[PDB]
Protein chains: 4
Amino acid sequence: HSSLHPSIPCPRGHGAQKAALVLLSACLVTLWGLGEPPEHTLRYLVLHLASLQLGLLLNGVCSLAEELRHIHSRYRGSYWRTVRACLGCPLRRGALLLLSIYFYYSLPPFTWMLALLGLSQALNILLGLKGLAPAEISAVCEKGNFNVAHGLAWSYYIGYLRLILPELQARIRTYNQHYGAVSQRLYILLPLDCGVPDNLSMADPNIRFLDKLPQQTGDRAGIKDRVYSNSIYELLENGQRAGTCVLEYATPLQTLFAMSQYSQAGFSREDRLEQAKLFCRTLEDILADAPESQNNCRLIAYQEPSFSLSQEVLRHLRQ
Amino acid sequence: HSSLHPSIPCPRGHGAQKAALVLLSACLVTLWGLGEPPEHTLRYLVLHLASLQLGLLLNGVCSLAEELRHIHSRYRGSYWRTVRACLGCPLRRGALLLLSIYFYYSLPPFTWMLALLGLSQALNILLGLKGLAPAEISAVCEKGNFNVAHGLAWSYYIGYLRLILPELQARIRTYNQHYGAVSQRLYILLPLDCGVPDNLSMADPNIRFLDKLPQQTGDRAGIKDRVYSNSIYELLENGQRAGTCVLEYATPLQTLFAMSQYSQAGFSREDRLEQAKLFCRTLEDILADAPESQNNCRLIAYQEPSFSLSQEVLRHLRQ
Amino acid sequence: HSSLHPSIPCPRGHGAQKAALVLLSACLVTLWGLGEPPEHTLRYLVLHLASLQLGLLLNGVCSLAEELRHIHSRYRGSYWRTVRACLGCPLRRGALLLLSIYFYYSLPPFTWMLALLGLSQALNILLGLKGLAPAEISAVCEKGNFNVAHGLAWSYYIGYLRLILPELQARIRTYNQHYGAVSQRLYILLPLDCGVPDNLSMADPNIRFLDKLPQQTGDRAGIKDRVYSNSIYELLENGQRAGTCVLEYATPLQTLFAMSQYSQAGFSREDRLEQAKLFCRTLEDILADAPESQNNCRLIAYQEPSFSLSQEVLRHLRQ
Amino acid sequence: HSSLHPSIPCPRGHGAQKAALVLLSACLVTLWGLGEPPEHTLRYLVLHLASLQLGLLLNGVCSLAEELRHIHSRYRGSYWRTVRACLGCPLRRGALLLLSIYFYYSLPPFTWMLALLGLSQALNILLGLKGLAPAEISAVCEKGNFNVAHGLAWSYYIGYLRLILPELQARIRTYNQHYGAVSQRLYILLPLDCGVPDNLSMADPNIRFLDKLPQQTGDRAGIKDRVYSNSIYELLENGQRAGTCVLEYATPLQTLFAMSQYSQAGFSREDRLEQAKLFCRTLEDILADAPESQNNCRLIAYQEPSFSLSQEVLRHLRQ
Ligand SMILES: Nc1nc(=O)c2ncn([C@@H]3O[C@@H]4COP(=O)(O)O[C@H]5[C@@H](O)[C@H](n6cnc7c(N)ncnc76)O[C@@H]5COP(=O)(O)O[C@@H]3[C@@H]4O)c2[nH]1
Ligand SMILES: Nc1nc(=O)c2ncn([C@@H]3O[C@@H]4COP(=O)(O)O[C@H]5[C@@H](O)[C@H](n6cnc7c(N)ncnc76)O[C@@H]5COP(=O)(O)O[C@@H]3[C@@H]4O)c2[nH]1
Ligand SMILES: COc1cc(C(=O)O)ccc1NCc1ccc(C2(C(C)(C)C)OCC(C)(C)CO2)cc1
Ligand SMILES: COc1cc(C(=O)O)ccc1NCc1ccc(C2(C(C)(C)C)OCC(C)(C)CO2)cc1
């Protein structure tokens, strides 16, 4: 579980297998209750599996007819690789295909069934009735790491955090020696609504500015002397400076909000919220596992519902 | 067909429908040739479609028994939302289920078949069978914009290009008047190999640095005075200068490479190449559709072979 | 039972044999209670063992059809070597096969059963099934010293300890006479978490540096004058010095951690913890059996919890 | 394939599946020829698979009786985790087992067969006849990355090479500016026989010494100012200095050799050769993929059979 916000979803578990197992148990109980010859049950089961295998093969060939079109580009110009990418491991599929043909043409017409199955598959493809409901798509995307969040979070870590966090204590110490009473941790805010305002004081008058840390330099992607700066914002409580930190927004949230605004992104508000949660979780995990985040960064996430950003930041601070 | 670099893959086409159509035509011809009553054909076809609908329903029931765990977080507590997410369209799926059961019991036991289908689906779930082939999952993710690259490219546009392209002409003009004359285009390199060395001179000593453009500042996500810079690189040729332009590496390529290197990311080298290529395509498209791209920047794409970066960039400069 | 740290696992025992024995006893009792002619029992038992031998033979034939590709490289071209590597002991396995077939045909078709066994073994191989469970593979690898740690620990002994422990007393004596008196033992830290920060003071400011021991040189793997050094660390306590000793981090832990981080290694965090623990055990064993360990060095092991490294190392120093 | 040495084995392929497939085809053809009721063929095949599942459970419980002894240490004190690691995914295995019981007790005595299988498994465990032939063990260890080589190579990279390679060119340039005509690549030697001599000139009088590079420093594992030096050997051809390089031996080879010499390692000479090849291959792969090894080292491997190390090094050099 993530302590950042109760609203963060935990990774998908194995409850699906539990449900499948209980369903299978009840199902066998019902088969036993009916009392039909279990051999006939088994035969019909294996026949159904064979039919499903044939259907999968036909869907595969349908996709293959077009995956060939990209052979030179997407599949590095190798027909065998295209077949692998389309029908799965060719050896396993071929073996199952052969076994299915044997157990159909053998057990108690094969050509007629093949025709009917092909017709059904073609109908499924043409009508597009075949497809995955949102739950399956989301599960595959999370398990396969296909979510834009994943990418944005890994960028926010590798590109920026991995270079600033190690030097953060040094920069803070130098600034304090040269001059207030700042803490020694970058406080990054994650507005789950992706309502990032450019002017930080715009969010709350209590959030004001004190000074800017010395610009940190470094070569990056050929733009040498690229500089990553920071802003030491001061927490104005009861009209008083309760505390000064290095408060920050996670830039990728702005990116998500914008691509939600635009059209070509093909990205919707519910997706904005979903990817925001996923980004928060992934970044949390990365920082927790990585060493460079040794009490140098604190992640704050707040659900806009009234609301007092300054008080929440102060709460996380005094803790 | 893409134009950036020949290996870039064009978007998937509607060919699969054509393949299914030709398959349907051949299947109908052979079914007619077989010579059996069409009433039996329709009967078996509708029964088989009912079987698929029941299987999908049971798969949805299992996925729901899973997702109800996260209902509170991923679905705001609205049960109907989870049901929609799992079963598909509740109204359409329910209507199809009702029609299926009606026709089966009407058309020439029943609970036995339902049990057998449930058992088959349970085996499929338990033994980890319902896994889409790489091609199909690729198509789905691309269609739904579920790509690691997509987010990175959209950030790059919204977060660097959209903010540097406009003032780029002003910065170039100021440098030219202050001072050998750089070109009026920002040249971005898109190494498919994703090497992205830190300093240009390392990759090709024929490329040399000259000066920096005027630093551009601005307020961005809490930090104000966030200053974006550049680095004019002198393009030598056989020991002589033959052009000057603002050269660049697409940092998201650095992100992709580092992601590939690391392990927690769960990312693969094949995925690295594929995602980088998709990034190039998406950046090209968005830039072409971006009004700020008034020929202010040129995207350079190349793959490792022998190969001289300086010669290729000069060749592109000749235009 | 290990003594370094309570969580360290002792080597696997023969408990599996005891479980097999009790199971055999119970099975024989129940078989006797069932009350059938022992001749049938022996017939079916030997038939089943023959079936297993045939299955193992066929699996070996397939593995041979694979390994003959590498015969030239991994086996020096000696066909008999490959046959031994695949089928097991050629003489013993051949004799068991001959006895099996003789009894099989003798005892109350044949080729049909052989083909069925071949079908079973085929499916097992193709579908991807004959995979050992994690516990069994762990036992096998530990028994055969197929462990990532094993090599690292053996290097650490042969390559640092065996070459520093002897002259360590001389170096300590020289430093003491030159100049607060360090102890006569090398204290090696074994962080199971594998954090291994570069500088001790980072982990615990209570630990401070005092001076370095005399550098030891030597000829090693081409590089002569290869010099191994140390770093005496002052052990403070509540702002006061209470001991000095040559603190040390077991470097191979750095290798394990970085391996876990990287992806090309194909290494997992669970494997990281397991291998680090095995490394501690193996280092303890080798060191105890090493004559050079005349109480010249103490192995310190600890796990993250709150926890103070300085306090624990001092507690060990009290001995 | 590895260009280092023809003797290096390539990674194990998929030929095993090819052999399994052809075996399956032959078995099906034989079944068709004998022409037994294919229904009976199935019945017996599925029953055999059920028997295999029962046997696997028995072996698993036998292993569990041992593993439970280590629950607190090697399995983080969770019975469920122990069962998972001993019997595989409990859900899947349990479901297959339940289906097996239903199909046995249903299809054409269950208790008698269970007793017979239990006796067979107990006999297999007690007699130790159950086991993996060398080919399977090697394949699993290599696929699972359990080979000592793997660890030693990853150490040799992360600990040492990753720190010396980036600064190598700088050190060479500084040395040349201060003073011969060395190249810019650290040449590593991999004696496949693990015959590493401490005195490099001992291998060949032609291999003599010129000077030592400036000692490179750096903090490592608390031993700050740890120094990694180098030796600039000079190639003496025809009594003349043909070339000067940074030739060096791969230290882990010494570790492998010595750990072969000792007894507690439980390691044999053929294993020395095997792990030497594996180490060379893994190191080659890692350096090829990593960026830091950008034409900064050249791996040399030579099979001692007469032999002229100097000529081989010169050949690799002038190339
Ligand atoms: N708080 C904060 N202070 C900084 O100085 C800073 N600099 C970058 N970032 C953010 O962290 C990440 C690191 O940039 P990345 O390399 O992955 O891609 C960056 C990078 O390729 C490019 N870019 C941004 N700033 C610069 C810059 N100064 N110079 C060159 N390129 C830049 O535009 C991409 C997207 O930037 P943002 O997505 O809007 O926020 C960045 C980014 O999320 C910063 N965040
Ligand atoms: N060519 C060369 N020049 C060097 O300076 C050097 N220093 C280490 N190595 C080798 O690279 C690898 C890095 O050592 P690692 O840190 O992983 O464990 C090292 C490390 O824990 C310890 N050790 C060796 N040298 C030192 C040293 N100077 N200071 C502290 N510890 C050392 O002993 C372990 C094994 O050493 P070797 O297994 O014989 O060769 C090492 C090793 O193969 C070197 N190789
Ligand atoms: C991971 O294992 C699997 C992978 C895949 C896949 O690649 O989609 C499919 C199936 C896999 N195992 C399940 C399975 C069950 C039954 C059969 C079988 C018998 C072997 C008993 C007769 O009956 C049905 C059949 C017509 C298919 C032929 O074989 C085979 C397999
Ligand atoms: C990857 O899937 C597998 C995993 C494992 C494992 O984890 O050991 C074993 C086997 C797996 N697939 C192969 C398989 C074959 C046959 C059966 C089946 C039928 C489903 C048709 C009847 O036959 C009889 C049965 C009692 C064997 C179970 O049901 C199921 C599966």
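In chain A, numbers come from Swiss-Prot; the residues present are 3-110, 116-186, 192-317, 322-335, in order.
Every residue, even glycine, has its Cβ placed from backbone N, Cα and C.
These come from Swiss-Prot:
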| type | residues | note |
| --- | --- | --- |
| BINDING | A:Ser162, A:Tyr167, A:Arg238, A:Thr263 | 2',3'-cGAMP binding site |
| BINDING | A:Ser162, A:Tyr167, A:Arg238, A:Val239, A:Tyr240, A:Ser241, A:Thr263 | 3',3'-c-di-GMP binding site |
| BINDING | A:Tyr167, A:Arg238, A:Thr263 | 2',3'-cUAMP binding site |
| CROSSLNK | A:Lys20 | ubiquitin cross-link |
| CROSSLNK | A:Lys150 | ubiquitin cross-link |
| CROSSLNK | A:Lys236 | ubiquitin cross-link |
| LIPID | A:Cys88 | S-palmitoyl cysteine |
| LIPID | A:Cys91 | S-palmitoyl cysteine |
| MOD_RES | A:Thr229 | phosphothreonine |
| MOD_RES | A:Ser241 | phosphoserine |
| TOPO_DOM | A:35-44 | topological domain 'Lumenal' |
| TRANSMEM | A:18-34 | transmembrane segment |
| TRANSMEM | A:45-69 | transmembrane segment |
| TRANSMEM | A:92-106 | transmembrane segment |
| TRANSMEM | A:117-134 | transmembrane segment |
Exercise. Anything from the recorded positions A:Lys150, A:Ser162, A:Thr263 with its Cβ under 6 A from ligand 1? List those in sequence order.
Key: A:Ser162, A:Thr263
Self-check item: C-alpha spacing of A:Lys150 (ubiquitin cross-link) relative to A:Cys91 (S-palmitoyl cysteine), in angstrom
Solution: 20
Quiz item: What subset of the recorded positions A:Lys20, A:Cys88, A:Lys150, A:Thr229 lies within 10 angstroms of A:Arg238 (2',3'-cGAMP binding site) at the C-alpha level?
Solution: A:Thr229
Quiz prompt | Same-chain residue ranges lying at least 6 outside the transmembrane segment (A:45-69) that approach it to Cβ under 8 Å | solution = 76-77, 84-85, 87-90, 95, 98-99, 101-103, 105-106, 109-110, 120-121, 124-125, 127-129, 131-132, 137
Practice problem: Counting Cβ neighbours within 10 Å across all chains shown, tell me which of the recorded positions A:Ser162, A:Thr229, A:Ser241, A:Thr263 comes out on top. | Solution: A:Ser162
Quiz item: Is any of the recorded positions A:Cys91, A:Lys150, A:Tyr167, A:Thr229, A:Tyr240 near chain B, in the sense of a CB under 8 A from one of its CBs, and if so which?
Solution: none
Practice problem: Return the whole-number Å distance between the Cα positions of A:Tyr186 and A:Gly192, the residues flanking a gap of 5 unmodelled residues. | Solution: 6
Quiz item: Between A:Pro110 and A:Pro116 there are 5 residues with no coordinates; how far apart are their CA atoms in Å?
Solution: 9
Quiz item: Listed in sequence order, which of the recorded positions A:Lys20, A:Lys150, A:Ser162, A:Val239, A:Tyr240 sit with a CB under 8 A of chain D?
Solution: A:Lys20
Quiz item: How many Å separate the Cα of A:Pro317 from the Cα of A:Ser322, given that the 4 residues between them are not modelled?
Solution: 7
Quiz item: In the same chain, who gets a Cβ under 8 Å from the transmembrane segment (A:117-134) while lying at least 6 residues past its ends?
Solution: 53, 56-57, 60-61, 64, 103, 106-107
Self-check item: Neighbouring recorded positions, C-alpha within 10 angstroms of A:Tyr167 (2',3'-cGAMP binding site) - of A:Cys88, A:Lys150, A:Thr229, A:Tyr240
Solution: A:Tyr240
Quiz item: Which one, from the recorded positions A:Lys150, A:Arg238, has the smallest tally of other C-beta atoms lying within 10 Å of its C-beta?
Solution: A:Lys150
Practice problem: By CA-CA distance, flag whichever of A:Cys88, A:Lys236, A:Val239 among the recorded positions is nearest to A:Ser162 (2',3'-cGAMP binding site). | Solution: A:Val239
Quiz prompt | Cβ-Cβ under 8 Å with the topological domain 'Lumenal' (A:35-44): same-chain residues at least 6 beyond its ends | solution = none
Quiz item: What recorded positions among A:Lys20, A:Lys150, A:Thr229 are found with a C-alpha within 10 angstroms of that of A:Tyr240 (3',3'-c-di-GMP binding site)?
Solution: A:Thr229
Quiz item: Expressed to the nearest Å, what is the distance separating A:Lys150 (ubiquitin cross-link) and A:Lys20 (ubiquitin cross-link) at their Cα atoms?
Solution: 18
Practice problem: Note down the number of other Cβ atoms within 10 Å of the Cβ of A:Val239 (3',3'-c-di-GMP binding site), including every protein chain shown. | Solution: 17
Quiz item: A:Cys88, A:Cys91: which of these recorded sites has the sparsest Cβ neighbourhood within 10 Å?
Solution: A:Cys91
Quiz item: DSSP three-state call for A:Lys150 (ubiquitin cross-link): helix, strand or coil?
Solution: helix
Quiz item: Among the recorded positions A:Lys20, A:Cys88, A:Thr229, A:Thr263, whose Cα is within 10 A of the Cα of A:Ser241 (3',3'-c-di-GMP binding site)?
Solution: A:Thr229
